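Residue numbers (full-length UniProt numbering), protein chains in the order written: chain A, 4 to 33, 130 to 197, 237 to 329; chain B, 24 to 51, 59 to 655, 662 to 892; chain C, 502 to 551; chain D, 252 to 301.
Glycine residues also receive a C-beta, built at the ideal position from the N, C-alpha and C atoms.
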Amino acid sequence: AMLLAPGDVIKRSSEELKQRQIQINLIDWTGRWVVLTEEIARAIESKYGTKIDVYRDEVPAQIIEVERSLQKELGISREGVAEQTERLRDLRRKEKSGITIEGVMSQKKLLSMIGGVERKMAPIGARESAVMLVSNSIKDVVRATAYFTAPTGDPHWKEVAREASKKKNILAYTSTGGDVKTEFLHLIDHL
Amino acid sequence: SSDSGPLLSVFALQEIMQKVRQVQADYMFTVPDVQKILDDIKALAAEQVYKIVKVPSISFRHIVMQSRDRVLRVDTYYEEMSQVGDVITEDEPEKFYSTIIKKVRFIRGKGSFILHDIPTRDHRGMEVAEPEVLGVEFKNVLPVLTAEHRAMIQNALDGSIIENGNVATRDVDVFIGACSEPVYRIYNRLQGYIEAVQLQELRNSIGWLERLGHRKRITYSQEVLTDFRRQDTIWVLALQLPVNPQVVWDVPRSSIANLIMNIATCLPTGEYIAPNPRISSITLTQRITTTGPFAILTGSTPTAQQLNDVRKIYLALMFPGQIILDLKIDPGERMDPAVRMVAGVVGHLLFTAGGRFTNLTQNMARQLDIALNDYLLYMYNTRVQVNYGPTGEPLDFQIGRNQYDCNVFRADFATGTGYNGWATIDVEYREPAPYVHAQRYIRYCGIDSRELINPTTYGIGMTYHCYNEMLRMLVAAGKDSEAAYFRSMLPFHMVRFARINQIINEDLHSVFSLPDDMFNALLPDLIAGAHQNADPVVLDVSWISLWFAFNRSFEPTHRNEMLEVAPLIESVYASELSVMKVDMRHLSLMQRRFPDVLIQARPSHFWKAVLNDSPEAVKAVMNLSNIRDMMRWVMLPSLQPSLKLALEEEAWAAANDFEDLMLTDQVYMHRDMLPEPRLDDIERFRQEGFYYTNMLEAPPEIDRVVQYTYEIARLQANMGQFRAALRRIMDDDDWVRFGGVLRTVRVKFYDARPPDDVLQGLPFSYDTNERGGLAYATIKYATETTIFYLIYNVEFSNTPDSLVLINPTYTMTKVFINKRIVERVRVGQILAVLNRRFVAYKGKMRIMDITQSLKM
Amino acid sequence: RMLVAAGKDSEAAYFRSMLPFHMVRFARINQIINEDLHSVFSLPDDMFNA
Amino acid sequence: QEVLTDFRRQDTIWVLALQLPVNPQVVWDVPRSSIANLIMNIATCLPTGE
């Protein structure tokens, strides 16, 4: 299930495409926070799928201080809390021997600050979508099984459309009204 | 990330070769490129044994002499085939038999041709063949011929009318021509094969191809299925489709080659994809140690070595009984106990260990059982109830509040409990298959391969016995997180085994698959340990590789390029094997037929001679892996019919006459004169053609010839009477004949006094020498002999006495052949040679073959 | 067979992989005995059987 | 390749001190000669190796 689409559409929907695990092949035409210790970052990455960096005495930076509430929420062990507060004491001593720390302690604050949205409660299928690749290259026009069109234009889209319409058995979809991105996402969901 | 048929094949060769190179002898490497082998075999399959021509090759040519009324007729067949093969020597039988094989190959090569679209012209409303279609070369003698003979020649040309004849319910043009007997025999055999095939063979082959396409989910164009029913097309079936698999499997010790070719020819290409990122990393319910892993990631990218190991795991999974895993521990690569302790968990789900077949050795079963025992007893974040059994074996305990005995999870190959083959019907037979030797249907976890699935929703809420029991046991022990993780991963597991089952049942069906009888005996042989058949290949694997394999899947992107054209390759391979077998049989029979003159040799000699001439692609295919096994294979009665075999047997039958090969032993010696013409009336001498040859019209009369051999000559030389006896015989103008050694004959044409070496050469050589105090002597016979023809050219200038030497010049060697090589005939019978019947297809007619339709 | 029945699976494979080397060695021994060590000083058949 | 011939040079006189077809009983009739025969055979026929 391989689809061809205008380049601006994939450019605008790259985030959703990455979130739904479809690989992107496109041709162009012309401060973060860190966790005190690696264990908490690993736990939060496992829970939410969000990559988190680790503080390594680099520069005056902004530190995230996970609080007792989220410590209990994430199921963190006693040793993790102990090492977190040990690193906290080390930071206290370092800044007393003359960096900003935030004691985030609500789940919504952490979500609205950084990271990916939590997981829904449905059965997990083998794959999120039935499509593997959406591309905008003439080099793999024979690779495609269907294509999508929009009133928006690309300098190479006309030739690709001509070379794709020549296929004997290919599914063709066109969008005329509403939002192009919403229609494309609905199509990629139902295809 | 990506995989393909050829790439996995190369990896398999590398692994097997590295395993086998560990032990070698005699203290005396390369991995062949499967791409080159596949390309060569496909090209060989695309080759045509026959060839289509508009005009047959010239059979008779004429050399014009000074005479206006006489001319010589030369048979082109004999004058050219003498250059086929090198010289013969009696010390090396292998080269002699290689020359014999080349000579018999040449006849079959020359005799296979088809006439089509002959150029003709109309005359008086009747079609008359043009002067080039008939196989003569009389144009060179025309300019000297007189008017009245030339008119007869023209009238004979006018008589070459063309008639019509019906062949296979089709009208073809029939006419008369000239050709040599050995070539005409092969031409007639080819024609008869063409008529014979049209009855039933083609329809059966097309039906079998249709059935194979039906099973393997292959759709063929109408040009392959219904194009043979046209009335304007002849299909010459050089290769027959329903090949019996016994021919392929009868070659000794070829299991590795068969498995490699099976992987290479029909394995689809695809990618390895991680599971849905909606499944988080598994968290272990263990009390925290300061350096242990809290969780084991699933999206992490493995190293190249781990990629090779997971490739090994998948390759052995896709071939149930032929490839087996084995653990390997590196001295370094420091690993936490958790990864091994959870690989021991996943091993009981990835593999089956009994019932019908096995994917793992007993050592792996014991190691996995020990790892599971350690996981179940030694891991706990809180106190857990446990009970112990009396016997001293792993997994003799009962764990949890409920009395869940873990004895069932101990591996037992006799019943296969605790693994995938737990109370499931893994093997079943439903209907006859396109290949009669492989009727079994494999089904992992009871999943049926007859129904298509969708990856998005398949596998939700469906379980098999082993997985359900393992989940119940795991949740009973109090490991909630691991149980939840394994429950979440179930649809991915089901989809992966669905894909694997589809690949095994649909694509890998070929002759190269292991037959049912050998497949059934794999497990009992491993249990008993009395290995007599080919042993299964064992591969090494690490602990982390089990986890990585459980956290990856194989998705076929698209089918193999050569999947559609496999049967033709299989048929051509079987046909070549059959041809080599029949060549060996005919060589043995020929050697037995004439022991007096043929050099005695061992089978390893002429088998090597045959292999020297076999196509390189077949040799490369068969050499991817004694004498007793060779004889056993030769004595087998299974043969594969083919056009090449049909022509080869006729060529071997025609090879029964050594004169057709121009190898002779009737070499005589007799002192004779070079003729000295009168040359008194030069015009009269020029009008009457004159020539001199070494040929004998008839063999010398009996009782006028003496018979010699090696031992007679040695006895004569023992007293010094050899040369004396020869001189006495020559002074008595008697004949002498040599024997034993088979000689080769060469034909040459001269126009003046020949070079001396052939003028006064001797077919034998004599020498003597002395070492120490004893006298010594040697005798030998020349193996190369020449036959020359002399044409005497005269001009008005020379005197009659010019061509009369003062003293005689003597020639010794003479040769007798019982067939006409060069004949002196008058211009009347130039076209009298036309006595053989030819059939030619019309220009609008089409010749087609199956390989052409598939566009090889 | 006895090694496999006794459960000594590890060394069974090692023994199985050694057959060609063993057979080559014994073939060389037979060649040397039958071909090179033949002389009048060789023991007669009767004393060999005795 | 050569085969011996029966010839006698007019200027040569032959002497043959030894007869070649040695009888094995002469060498094997000596009592307690087993070790002697073994040593002689292994000295005259046994080849070296690696």
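- Item | Within the stretch 558-592 of chain B, ranges of the alpha helix (DSSP H) (whole runs, at least 4 residues) | Complete alpha helix (DSSP H) runs here, min 4: 573-580.
- Task: Give a yes or no on whether 7 Å exceeds the smallest Cβ distance from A48(B) to chain C.
- Result: Here residue 48(B) refers to the residue found at position 25 when the second sequence is read from its first residue. Cβ-Cβ to chain C under 7 Å: yes for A48(B).
- Message: The alpha helix (DSSP H) that contains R413(B), what's its start and end?
- Response: Within the second sequence, the letter at position 383 stands for residue 413(B). Where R413(B) is concerned, there is no enclosing alpha helix (DSSP H), given that its DSSP letter is neither H nor E.
- Message: Determine, for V541(C), whether the minimum Cβ-Cβ distance to residues of chain D falls below 7 Å.
- Response: In the third sequence, residue 541(C) corresponds to position 40, counting from 1. Yes, contact with chain D.
- Among residues of its own chain, excluding the 5 on either side of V670(B), which ones have a beta-carbon nearer than 6 Å to its beta-carbon? Reading the second sequence from its first residue, position 634 is the one you call residue 670(B). Contacts found: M614.
- Query: From what residue to what residue does the beta strand (DSSP E) around residue 52(B) run?
  - Reply: Because chain B is numbered 51 and then 59 with no intervening positions, residue 52(B) cannot be located in this model.
- Could you have a look at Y494(B) and say whether DSSP puts it in helix, strand or coil? Position 464 of the second sequence holds residue 494(B). Three-state result, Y494(B): coil.
- Beta-carbon contacts of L593(B) that lie in its chain and below 8 Å, excluding the five residues immediately before and after: Sequence index remark: in the second sequence, residue 593(B) carries index 563 (1-based). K246, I248, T295, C296, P298 and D537.
- Task: Answer yes or no: does any C-beta atom of chain A fall closer than 7 Å to that of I533(B)?
- Result: The count along the second sequence starts at 1 and reaches residue 533(B) at position 503. So, not an interface residue.
- Query: Would DSSP call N843(B) helix, strand or coil?
  - Reply: In the second sequence, counting from the first residue as 1, residue 843(B) sits at position 807. Coil, per DSSP.
- When the Cα atoms are used, what is the spatial distance from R517(B) to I490(B)? As a first step, residue 517(B) is located in the second sequence; it is residue number 487 there, counting from the start. As a first step, residue 490(B) is located in the second sequence; it is residue number 460 there, counting from the start. The alpha-carbon atoms of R517(B) and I490(B) are separated by roughly 10 Å.
- Report all residues from its chain with a CB closer than 6 Å to the CB of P554(B); omit the five preceding and five following residues, and keep chain order. For the purposes of this step, residue 554(B) is taken as the residue at position 524 of the second sequence. Cβ within range, chain order: n/a, list empty.
- Query: Quick one: is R582(B) near chain A, going by C-beta distance under 7 Å?
  - Reply: The count along the second sequence starts at 1 and reaches residue 582(B) at position 552. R582(B) does not count as touching chain A.
- Nonlocal neighbours in the same chain, by C-beta distance under 7 Å from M548(B), ignoring five residues either side: For this step, residue 548(B) is matched to residue 518 along the second sequence. Excluding sequence neighbours, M548(B) sits near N563.
- Given a cut-off of 7 Å, decide if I472(B) and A528(B) are closer than it, judged by their beta-carbon atoms. Counting from 1 along the second sequence, the entry for residue 528(B) is found at position 498. Counting from 1 along the second sequence, the entry for residue 472(B) is found at position 442. No, they are not a contact pair.
- Helix, strand or coil for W771(B), going by three-state DSSP, please let me know. Locating residue 771(B) in the second sequence gives position 735, counting from the first residue. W771(B): strand per DSSP, three-state reduction.
- Among all the DSSP beta bridges, which residues are the ones paired with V94(B)? The sequence position of residue 94(B) within the second sequence is 64, counting from 1. Partner(s): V101(B).
- Hey, out of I143(A), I27(A), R131(A) and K14(A), whose CA is closest to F324(B)'s CA? Mapped onto the second sequence, residue 324(B) falls at position 294. Per the Cα distances, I143(A).
- Message: Let's see if you can read the secondary structure: which residues bound the alpha helix (DSSP H) around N234(B)?
- Response: Here residue 234(B) is taken as the residue at index 204 of the second sequence, counted from 1. From DSSP, the alpha helix (DSSP H) with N234(B) extends over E231 to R245.
- Task: Report yes or no: do three or more beta-carbon pairs, one from the stretch 786-793 of chain B and one from the stretch 751-771 of chain B, lie closer than 8 Å?
- Result: Output reads no: the stretch 751-771 of chain B does not touch the stretch 786-793 of chain B.
- Query: Which parts of the stretch 182-228 of chain B are runs of the beta strand (DSSP E), unbroken and 3 residues or longer, counting only runs that do not cross its ends?
  - Reply: 193-196 and 201-207
- Task: Please go through the stretch 304-375 of chain B and give each complete alpha helix (DSSP H) segment of 4 or more residues, from N-terminal end onward.
- Result: 334-348
- Message: Taking the alpha helix (DSSP H) that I286(D) belongs to, which residues open and close that run?
- Response: Residue 286(D) sits at position 35 when you count from the first residue of the fourth sequence. Start and end: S285 to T295.
- Message: I'd like the ranges of any beta strand (DSSP E) spanning at least 3 consecutive residues and lying wholly in the stretch 271-316 of chain A.
- Response: 271-273, 284-287 and 309-312
- Message: Between which two residues does the alpha helix (DSSP H) holding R186(A) run?
- Response: In the first sequence, residue 186(A) corresponds to position 87, counting from 1. Where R186(A) is concerned, the enclosing alpha helix (DSSP H) stretches over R177 to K195.
- Item | Beta carbon proximity, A264(A) to chain B, threshold 7 Å | Taking the first residue of the first sequence as 1, we reach residue 264(A) at position 126. Taking Cβ atoms only, chain B reaches closer than 7 Å to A264(A), which makes this a yes.
- Assigned secondary structure, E124(B) (DSSP; H/G/I helix, E/B strand, else coil): Taking the first residue of the second sequence as 1, we reach residue 124(B) at position 94. Note: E124(B) maps to helix in three-state DSSP.
- Rounded to whole angstroms, how far is the Cβ of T315(B) from the Cβ of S511(B), which I believe are closer than 8 Å? Start at 1 with the first residue of the second sequence, and residue 315(B) comes out as number 285. Start at 1 with the first residue of the second sequence, and residue 511(B) comes out as number 481. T315(B) to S511(B), Cβ: 5 Å. Contact.
- Task: Flag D257(D) as yes if its beta-carbon sits less than 7 Å from any beta-carbon of chain B, otherwise no.
- Result: Translated into the one-based positions of the fourth sequence, residue 257(D) becomes position 6. Yes, its Cβ sits closer than 7 Å to a Cβ of chain B.
- Per-residue DSSP class, three states only, for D152(A): Position 53 of the first sequence, counted from the start, is the residue given in the question as residue 152(A). It is a strand residue.
- Query: Which bits of chain C does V281(D) rub up against, with CB to CB less than 9 Å?
  - Reply: Looking up residue 281(D) in the fourth sequence gives position 30. What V281(D) touches in chain C: nothing, since even the nearest Cβ is about 12 Å away.
- Query: Does DSSP put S25(B) in a helix, in a strand, or in coil?
  - Reply: As a working note, residue 25(B) is residue 2 in the second sequence. The answer is strand: DSSP assigns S25(B) an E or B state.
- Message: Can you check whether the C-beta of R529(C) is within less than 7 Å of a C-beta belonging to chain B?
- Response: Taking the first residue of the third sequence as 1, we reach residue 529(C) at position 28. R529(C) does not count as touching chain B.
- Item | Rounded straight-line distance, which links the Cα of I353(B) to that of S543(B) | Position 513 of the second sequence, counted from the first residue, corresponds to residue 543(B). Position 323 of the second sequence, counted from the first residue, corresponds to residue 353(B). C-alpha separation (whole angstroms): 13 Å.
- DSSP-derived helix/strand/coil call for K816(B): Taking the first residue of the second sequence as 1, we reach residue 816(B) at position 780. In this structure, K816(B) counts as strand in the three-state DSSP scheme.
- Message: Suppose contacts are defined by Cβ-Cβ distances below 7 Å. Is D356(B) in contact with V609(B) by that definition?
- Response: Reading the second sequence from its first residue, position 326 is the one you call residue 356(B). Reading the second sequence from its first residue, position 579 is the one you call residue 609(B). No. Outside cutoff.
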